[PDB]
């Protein structure tokens, strides 16, 4: 169930939303704009509301699904850090338990696809990503995971994050 068609021209990815998804067009544009101050989203080049088209930087890399088993704890911690950033910012990207196509890995790490984003006081980017990570790497038992995730969600502060971070990385 897709909301858009993405084509590539030169160095740009052009995402054209179907007309029934104008709502998602604007959230994609909005959250990409609000995240330009950081290095973990594509550069945004243009919006065209009449065509529901967003033109942005094409990110060269591998999607997380193709290399998840080869990522070192270095790189996993950098991804966890980005999720924590989104949590702190108030942006619930959604589908972070299925980031398969939406984390692009090279020398850098870039997230794509913000069209389902919503603003939330306590987003679920880290906890959703943790579920995906445990499903793919089988780092621990679900109950142990929910213990750590309930601890982070209750505290939702840097201390609670640093504890959860090191605890996920230790299972690697």
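Positions refer to the first chain, counted from 1.
Between 37-45 and 139-147, which has the larger average Cα B-factor in the PDB entry? Taking the mean C-alpha B-factor of 37-45 and of 139-147, the larger value falls to 139-147.
Would you determine, from the values in the PDB entry, which of 68-76 and 94-102 has the greater average C-alpha temperature factor? Mean C-alpha B-factor is greater for 68-76.
Sorting the chain's CA B-factors, does residue 133 end up in the lowest, middle or highest third? Within its chain, residue 133 is a highest-third residue by C-alpha B-factor, going by the deposited values.
If you rank the chain by CA B-factor, which third does residue 3 end up in: lowest, middle or highest? Middle third - that is where residue 3 ends up once the chain's C-alpha B-factors are sorted.
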